[PDB]
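First the proteins, then the strands, lettered A, B, ... as listed; each starts at 1. Computed over heavy atoms, backbone and side chain alike; hydrogens, waters and symmetry mates excluded.
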Amino acid sequence: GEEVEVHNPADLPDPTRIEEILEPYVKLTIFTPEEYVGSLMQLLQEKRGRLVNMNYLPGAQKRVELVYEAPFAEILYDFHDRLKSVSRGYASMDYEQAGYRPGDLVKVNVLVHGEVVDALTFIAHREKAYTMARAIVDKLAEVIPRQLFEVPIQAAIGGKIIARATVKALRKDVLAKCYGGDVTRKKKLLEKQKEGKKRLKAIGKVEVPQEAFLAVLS
Amino acid sequence: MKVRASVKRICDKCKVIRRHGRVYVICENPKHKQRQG
Amino acid sequence: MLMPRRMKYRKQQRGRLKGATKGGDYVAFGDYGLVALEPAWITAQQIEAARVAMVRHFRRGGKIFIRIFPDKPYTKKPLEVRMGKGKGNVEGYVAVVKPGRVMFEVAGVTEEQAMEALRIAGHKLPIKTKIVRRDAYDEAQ
Amino acid sequence: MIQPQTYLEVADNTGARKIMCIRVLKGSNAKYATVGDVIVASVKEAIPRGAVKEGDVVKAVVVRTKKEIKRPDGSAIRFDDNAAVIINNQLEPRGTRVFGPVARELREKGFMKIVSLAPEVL
RNA sequence: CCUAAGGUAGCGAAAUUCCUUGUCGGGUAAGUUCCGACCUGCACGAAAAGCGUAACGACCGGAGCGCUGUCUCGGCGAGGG
RNA sequence: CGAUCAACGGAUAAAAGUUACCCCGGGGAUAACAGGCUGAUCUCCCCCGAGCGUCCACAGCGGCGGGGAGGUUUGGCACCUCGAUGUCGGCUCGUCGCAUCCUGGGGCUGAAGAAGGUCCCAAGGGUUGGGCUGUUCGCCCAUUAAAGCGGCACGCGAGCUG
RNA sequence: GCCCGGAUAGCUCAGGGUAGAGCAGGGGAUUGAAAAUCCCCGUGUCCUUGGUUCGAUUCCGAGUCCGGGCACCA
RNA sequence: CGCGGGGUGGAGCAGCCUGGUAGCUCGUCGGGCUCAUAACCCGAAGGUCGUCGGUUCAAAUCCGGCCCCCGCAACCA
Ligand SMILES: [Mg+2]
Ligand SMILES: [Mg+2]
Ligand SMILES: [Mg+2]
Ligand SMILES: [Mg+2]
Ligand SMILES: [Mg+2]
Ligand SMILES: [Mg+2]
Ligand SMILES: [Mg+2]
Ligand SMILES: [Mg+2]
Ligand SMILES: [Mg+2]
Ligand SMILES: [Mg+2]
Ligand SMILES: [Mg+2]
Ligand SMILES: [Mg+2]
Ligand SMILES: [Mg+2]
Ligand SMILES: [Mg+2]
Ligand SMILES: [Mg+2]
Ligand SMILES: [Mg+2]
Ligand SMILES: [Mg+2]
Ligand SMILES: [Mg+2]
Ligand SMILES: [Mg+2]
Ligand SMILES: [Mg+2]
Ligand SMILES: [Mg+2]
Ligand SMILES: [Mg+2]
Ligand SMILES: [Mg+2]
Ligand SMILES: [Mg+2]
Ligand SMILES: [Mg+2]
Ligand SMILES: [Mg+2]
Ligand SMILES: [Mg+2]
Ligand SMILES: [Mg+2]
Ligand SMILES: [Mg+2]
Ligand SMILES: [Mg+2]
Ligand SMILES: [Mg+2]
Ligand SMILES: [Mg+2]
Ligand SMILES: [Mg+2]
Ligand SMILES: [Mg+2]
Ligand SMILES: [Mg+2]
Ligand SMILES: [Mg+2]
Ligand SMILES: [Mg+2]
Ligand SMILES: [Mg+2]
Ligand SMILES: [Mg+2]
Ligand SMILES: [Mg+2]
Ligand SMILES: [Mg+2]
Ligand SMILES: [Mg+2]
Ligand SMILES: [Mg+2]
Ligand SMILES: [Mg+2]
Ligand SMILES: [Mg+2]
Ligand SMILES: [Mg+2]
Ligand SMILES: [Mg+2]
Ligand SMILES: [Mg+2]
Ligand SMILES: [Mg+2]
Ligand SMILES: [Mg+2]
Ligand SMILES: [Mg+2]
Ligand SMILES: [Mg+2]
Ligand SMILES: [Mg+2]
Ligand SMILES: [Mg+2]
Ligand SMILES: [Mg+2]
Ligand SMILES: [Mg+2]
Ligand SMILES: [Mg+2]
Ligand SMILES: [Mg+2]
Ligand SMILES: [Mg+2]
Ligand SMILES: [Mg+2]
Ligand SMILES: [Mg+2]
Ligand SMILES: [Mg+2]
Ligand SMILES: [Mg+2]
Ligand SMILES: [Mg+2]
Ligand SMILES: [Mg+2]
Ligand SMILES: [Mg+2]
Ligand SMILES: [Mg+2]
Ligand SMILES: [Mg+2]
Ligand SMILES: [Mg+2]
Ligand SMILES: [Mg+2]
Ligand SMILES: [Mg+2]
Ligand SMILES: [Mg+2]
Ligand SMILES: [Mg+2]
Ligand SMILES: [Mg+2]
Ligand SMILES: [Mg+2]
Ligand SMILES: [Mg+2]
Ligand SMILES: [Mg+2]
Ligand SMILES: [Mg+2]
Ligand SMILES: [Mg+2]
Ligand SMILES: [Mg+2]
Ligand SMILES: [Mg+2]
Ligand SMILES: [Mg+2]
Ligand SMILES: [Mg+2]
Ligand SMILES: [Mg+2]
Ligand SMILES: [Mg+2]
Ligand SMILES: [Mg+2]
Ligand SMILES: [Mg+2]
Ligand SMILES: [Mg+2]
Ligand SMILES: [Mg+2]
Ligand SMILES: [Mg+2]
Ligand SMILES: [Mg+2]
Ligand SMILES: [Mg+2]
Ligand SMILES: [Mg+2]
Ligand SMILES: [Mg+2]
Ligand SMILES: [Mg+2]
Ligand SMILES: [Mg+2]
Ligand SMILES: [Mg+2]
Ligand SMILES: [Mg+2]
Ligand SMILES: [Zn+2]
């Protein structure tokens, strides 16, 4: 049967036995003046709204009304602002719920240092999710606590990573008193360090700070 | 302005001139304006 | 990138870089060629970068003749190491090119395609070069 | 004449009892803070269940100082303590009562809310 | 598989831990030091004693209070030069 | 005829270590500091235009390869100094370069504005206070127009610290 | 970035004449019904995109990525 | 990097001073015992010896290249 992937994209049913993930869609009507229409349609395209209908209320001459079925999530921040800006303010909007619908959606998992961070599991449309993952991976890179070992940051569409970033690798300048000249003495200290980073990489459980979550989730 | 060692036409509306020793490109597209340097 | 499949000797002395090229001075297989104007050890990585550049330019069509082969091993001491303790390790292979040598030839390709692929390819090599077109003089050779 | 390290009495009901100045918010390298200047400060002592607690980093306006301030009429005024009221980014008190006299300079420097809450403006 | 036998108790990033500012927790507005913990002990370990221990120490760390020209930051004054 | 007298022209028939408790004669014939020469390495700048950038090689980027500059890194070499050229870091006092951190002037922008990005000019002045650690660095706290980077024997011990 | 390779089913994987197996499942056999065991069965757009071939997972490109080398990395 | 050792059925080890021969224990598989499982008993398979090259009539063996693993060393500044 059916039920709702609720306030937890992580808490799915097992995408093993699955066949339809449903977005909420919405009946979206746009009262533009003139042929800002051209702008408007490009906007609703990348918002993945199907164009169902358009009608001219003639008289002078501008006035066009556009009807769209668009994923409910694809408004919600961003849209209203961009409706207003590409139309110098003259575009209006109204909508009502108009049900649910199948969507080609992917589960994108985010693992830091090999461990899946559930708190950052989301869900997107395969046309966009890379660009979504290409983004979080890099913002997470800039706010994760730099460790004693280099920390990988990754995003996977089920068992296949698609976007990769790496945190350093805080290290000790082990060669600081090395004005001998003999390269063997630099190698000795360099080997030991390389071996240790392996060891700290393998057993190194990094935790994401609650200050990083807020930084990625603004 | 694009200040480079190798200044060249970028589009066919680009035009190549010599100016104060350095080679210049001027064009109706300001992105293509280059002087050598 | 090219290296010999086997060698009698692993290391060999640097030699001099004198004279015009001994042979390979006439277009022999294609319609256009790139010829060297100065001597150099052209490395394999360079040859590979020139090949690929012209390939990319012939994404559909074309034959590329690479007429120089990097058979001379290139030696380098390990870094931060004093002089002595034997000759460096092989870290690569080079091809000895003297001026007049035909290094690459293209065929099956319009004149514009040929002189553009060879122009990029020149930009990948450490030497000045000249683009040439098969002559009656090549045929006579 | 407050500078980092200096302890101020907090003259409000926010719960702080002592704060230590960690920076005077006036220019890029100001040496000192006087009446009506803003400091960043660490809460060093507080009463339980207050609004601010020990360890918090707060903003505050100096409200009295022990070094006398000189006035353009030719007079000067001096207090027995260096004291402050904790404020927010809008320069508004975070408490609802201010205690003790405060200096008249707070009015021009834009702390009217504090000036009225005070029991005396000298 | 090998050994004469394969390090017990206790202790452990230590006057020992290299990698290393290990990790976690405390203390600080902020702590490569310090304290508590963990155990991956490069390379603790039982009279070259192991783990503790009240008292004692011009021994060496870490924190706070008090008080200060140490300092912000320098001024003045005295005497012997 | 007895020699791995193999350190193979073969010192004794017969021989290992250690010195931070060290000593003398010598050497800048020879290392460590700094200088120098060099510039692999390092920093910076270019050439080429493959690939990003919804569209678009060049707003911002720049595969593979190619050319240089600098002389701040680690080095190579062993040229003056071993009848001595005192080390790192700090404090103090600076002064210089500019590959500019801020401030002044511009061009381009994927520059509406404001605010950015990027490159060009520009060295007059300015470029904070703290926690940790000997640290230079760096990380953190609180600010700031900014919290520049380098040279001066990695400026500066007949100036101090230690 | 680089040298070696390595991206094949929901997962872990064997490999120039269109590629399978364990596994997860769904169903079935066994049972009184389960557990365990066993049988049966898929969508592979052989990672993405382009080209090479009469025939490409294979070969040539490019793109993103994974495991080990160097290198940046108080 | 320098020195020394090593890489052989699925695992852990012989064999190589030494050229012609691959062995031990466990594991796996087929059969027995048992009501059944293990233990135990009988029988069998599985190694071209890391990889390329050389020497040889003949290479696990001897010699060299390359790859990887282990131990030791890297000091006076
Ligand atoms: Mg030195
Ligand atoms: Mg160009
Ligand atoms: Mg014009
Ligand atoms: Mg070369
Ligand atoms: Mg050489
Ligand atoms: Mg030499
Ligand atoms: Mg060499
Ligand atoms: Mg060239
Ligand atoms: Mg106090
Ligand atoms: Mg009070
Ligand atoms: Mg507390
Ligand atoms: Mg025993
Ligand atoms: Mg022991
Ligand atoms: Mg024990
Ligand atoms: Mg420990
Ligand atoms: Mg510790
Ligand atoms: Mg130890
Ligand atoms: Mg720490
Ligand atoms: Mg803590
Ligand atoms: Mg605390
Ligand atoms: Mg805390
Ligand atoms: Mg804290
Ligand atoms: Mg800590
Ligand atoms: Mg500690
Ligand atoms: Mg402790
Ligand atoms: Mg002991
Ligand atoms: Mg012992
Ligand atoms: Mg004993
Ligand atoms: Mg004792
Ligand atoms: Mg004890
Ligand atoms: Mg007792
Ligand atoms: Mg005791
Ligand atoms: Mg004592
Ligand atoms: Mg302290
Ligand atoms: Mg004084
Ligand atoms: Mg005096
Ligand atoms: Mg006197
Ligand atoms: Mg002898
Ligand atoms: Mg001799
Ligand atoms: Mg002799
Ligand atoms: Mg002789
Ligand atoms: Mg004799
Ligand atoms: Mg002796
Ligand atoms: Mg000795
Ligand atoms: Mg001693
Ligand atoms: Mg003595
Ligand atoms: Mg003694
Ligand atoms: Mg003596
Ligand atoms: Mg002398
Ligand atoms: Mg000399
Ligand atoms: Mg000599
Ligand atoms: Mg010096
Ligand atoms: Mg000198
Ligand atoms: Mg140079
Ligand atoms: Mg030079
Ligand atoms: Mg340049
Ligand atoms: Mg593109
Ligand atoms: Mg464009
Ligand atoms: Mg120099
Ligand atoms: Mg030098
Ligand atoms: Mg020198
Ligand atoms: Mg000489
Ligand atoms: Mg000397
Ligand atoms: Mg002497
Ligand atoms: Mg003298
Ligand atoms: Mg200091
Ligand atoms: Mg300076
Ligand atoms: Mg300039
Ligand atoms: Mg700049
Ligand atoms: Mg400016
Ligand atoms: Mg704007
Ligand atoms: Mg503006
Ligand atoms: Mg700016
Ligand atoms: Mg600008
Ligand atoms: Mg200036
Ligand atoms: Mg300056
Ligand atoms: Mg300290
Ligand atoms: Mg500013
Ligand atoms: Mg600072
Ligand atoms: Mg120096
Ligand atoms: Mg110095
Ligand atoms: Mg001194
Ligand atoms: Mg000193
Ligand atoms: Mg002197
Ligand atoms: Mg000392
Ligand atoms: Mg002393
Ligand atoms: Mg540091
Ligand atoms: Mg084995
Ligand atoms: Mg034998
Ligand atoms: Mg059996
Ligand atoms: Mg029964
Ligand atoms: Mg071999
Ligand atoms: Mg033979
Ligand atoms: Mg053979
Ligand atoms: Mg045999
Ligand atoms: Mg053989
Ligand atoms: Mg010694
Ligand atoms: Mg030393
Ligand atoms: Zn143009």
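With both distances required under 3.5 Å, E/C71 does not pair with E/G26 in Watson-Crick or G-U wobble fashion. Entry note: F/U127 and F/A16 fail the pairing test, Watson-Crick or G-U wobble at under 3.5 angstrom for both distances. Using the rule of two distances under 3.5 Å, G/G10 and G/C23 count as a Watson-Crick or G-U wobble pair. Judged by the 3.5 Å cutoff on both pairing distances, F/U74 and F/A40 qualify as a Watson-Crick or G-U wobble pair. Between H/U25 and H/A11 there is a base pair of the Watson-Crick or G-U wobble kind, both of its two distances falling under 3.5 Å. Under a 3.5 Å limit on both donor-acceptor distances, the bases of F/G17 and F/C152 fail the Watson-Crick or G-U wobble criterion. Under the 3.5 Å cutoff applied to both distances, F/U81 and F/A34 qualify as a Watson-Crick or G-U wobble pair. With both atom-pair distances required to fall under 3.5 Å, no Watson-Crick or G-U wobble pair links F/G27 to F/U118. The bases F/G116 and F/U133 are not paired as Watson-Crick or G-U wobble with both atom distances under 3.5 Å. With both atom-pair distances required to fall under 3.5 Å, no Watson-Crick or G-U wobble pair links F/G125 to F/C5.
Of the candidates F/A59, E/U21, F/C77, F/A59 carries the atom nearest the B/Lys31 side chain, counting heavy atoms from C-beta on. Among the nucleotides G/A74, F/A142, F/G49, the one closest to any side-chain atom of C/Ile120 is F/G49. Among the nucleotides F/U144, E/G22, F/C64, the one closest to any side-chain atom of C/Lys124 is F/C64. For A/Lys194, the listed nucleotide lying nearest its side chain is G/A71; candidates were G/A71, F/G63, E/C73. Side-chain proximity of A/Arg171 to the nucleotides F/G65, E/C24, G/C73 is greatest for G/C73. Proximity note for A/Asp182 (side chain, C-beta onward) versus F/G75, H/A74, E/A29: the nearest is H/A74. When the nucleotides F/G67, E/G22, F/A142 are ranked by their closest atom to the side chain of A/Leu200, E/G22 comes out on top. Closest to the A/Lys198 side chain, of the nucleotides E/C24, G/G68, E/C18, is G/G68. The side chain of C/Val52 has F/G63 as its nearest neighbour among F/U109, F/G63, F/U74. Relative to the side chain of A/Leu148, the nucleotides F/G129, E/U20, F/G107 differ in distance, and E/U20 lies closest.
Contact check, A/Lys187 against G/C70: no side-chain N or O comes under 4.0 Å of OP1 or OP2. Side-chain N/O atoms of D/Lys59 include none lying less than 4.0 angstrom from OP1 or OP2 on F/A142. OP1 or OP2 of G/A24 has not a single side-chain nitrogen or oxygen of A/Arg17 nearer than 4.0 Å. Between C/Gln46 and the phosphate of F/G66, there is a side-chain N or O to OP1/OP2 separation shorter than 4.0 Å. Contact between the side-chain N/O atoms of B/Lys2 and the OP1/OP2 oxygens of F/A59 is found at a separation under 4.0 Å. Dashed line: the shortest gap from a side-chain N or O of C/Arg82 to OP1 or OP2 of F/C77 is under 4.0 Å. Neither OP1 nor OP2 of H/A74 sits under 4.0 Å from any side-chain N or O of A/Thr184. Proximity of A/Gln193 to the phosphate of E/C18: no side-chain N or O atom is located under 4.0 Å from OP1 or OP2. C/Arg56 has a side-chain polar atom (N or O) that falls below the 4.0 Å cut-off from OP1 or OP2 of G/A62. Between A/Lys172 and the phosphate of E/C19, there is a side-chain N or O to OP1/OP2 separation shorter than 4.0 Å. The phosphate of G/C47 has neither OP1 nor OP2 within less than 4.0 Å of any side-chain N or O from A/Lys160. A sub-4.0 Å separation between OP1 or OP2 of H/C76 and a side-chain N or O of A/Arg185 is present. One finds a side-chain N or O of D/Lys44 lying less than 4.0 angstrom from the OP1 or OP2 phosphate oxygen of E/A29. Listed pair A/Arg164 / G/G67 meets the phosphate criterion, a side-chain N or O lying under 4.0 Å from OP1 or OP2.
Atom CD in A/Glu191 sits about 12 Å away from atom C1' in H/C72, given to the nearest Å.
Shown are A/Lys186, A/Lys192, A/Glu191; of these, the side chain to side chain contact (heavy atoms under 4.5 Å, CB included) with A/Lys188 is made only by A/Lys192.
Nearer to the 5' terminus of RNA chain G, by closest-nucleotide assignment, is the contact made by A/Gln154 (compared with the other of A/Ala169 and A/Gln154). RNA chain G is contacted by both C/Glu48 and A/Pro15; A/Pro15 maps to the nucleotide lying nearer its 5′ end (nearest heavy atom per residue).
Bases of consecutive nucleotides F/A40 and F/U41 are stacked, their six-membered rings being centred less than 5.5 Å apart at a plane angle below 30°. Consecutive residues E/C73 and E/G74 do not stack, lacking base ring centres under 5.5 Å apart with planes under 30°. A stacking criterion of 5.5 Å and 30° is met by the six-membered base rings of adjacent nucleotides H/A11 and H/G12. Under the 5.5 Å and 30° stacking definition, the step from E/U17 to E/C18 does not qualify as stacked. For the consecutive pair H/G6/H/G7, the pyrimidine-type rings sit with centres less than 5.5 Å apart and planes less than 30° apart, qualifying as a stack.
Within 4.0 Å of D/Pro4, counting heavy atoms only, lies no atom of the nucleic acid at all. A/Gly180 comes within contact range of at least one nucleobase, with a heavy-atom separation under 4.0 Å. When heavy atoms are screened at a 4.0 angstrom cut-off, A/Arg199 is found touching base atoms of the nucleic acid. D/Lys26 comes within contact range of no nucleotide atom at all, as no heavy-atom separation falls under 4.0 Å. Note on D/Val43: nothing from the nucleic acid sits closer than 4.0 angstrom, heavy atoms only. When heavy atoms are screened at a 4.0 angstrom cut-off, D/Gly55 is found touching the sugar-phosphate backbone but no base atom. Using a 4.0 Å heavy-atom distance criterion, A/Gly158 is classed as a sugar-phosphate-only contact. A/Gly204 comes within contact range of no nucleotide atom at all, as no heavy-atom separation falls under 4.0 Å.
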Practice task
For salt bridge (charged side-chain N to carboxylate O under 4.0 Å, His left out), just list the numbers for A/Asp182 and C/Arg82, CA-CA rounded to whole Å, side-chain angles, deciding distance to a tenth of an Å, and then say yes or no.
Solution key: CA-CA 8 Å; A/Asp182 180 352; C/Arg82 247 155 209 205; over 6 Å; no
Handout entry: Derivation and outcome, salt bridge (charged side-chain N to carboxylate O under 4.0 Å, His left out), residues A/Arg48 and A/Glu74
Key = CA-CA 8 Å; A/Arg48 307 179 308 110; A/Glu74 210 88 29; 3.0 Å; yes
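Using a 4.5 Å cut-off on side-chain heavy atoms (C-beta onward), A/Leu189 and A/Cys178 make contact. Side-chain contact check for D/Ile39 versus D/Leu8: some heavy-atom pair is nearer than 4.5 Å.
Note that CD1 of C/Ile66 is 8.5 Å distant from CD1 of C/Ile68, once rounded to the nearest 0.5 Å.
Separation of the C1' atoms belonging to G/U57 and G/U45 is 13 Å when rounded to the nearest angstrom. If you take atom P in F/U128 and the same atom in F/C91, they sit 12 Å apart, rounded to whole Å. With P as the reference atom, F/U43 and F/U103 are 28 Å apart, rounded to whole Å.
Between A/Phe149 and A/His113, the ring-plane angle classifies as tilted under the 30° and 60° cut-offs.
Electrostatic pairing of D/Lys53 and D/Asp56 counts as a salt bridge here, judged by a charged N lying under 4.0 Å from a carboxylate O.
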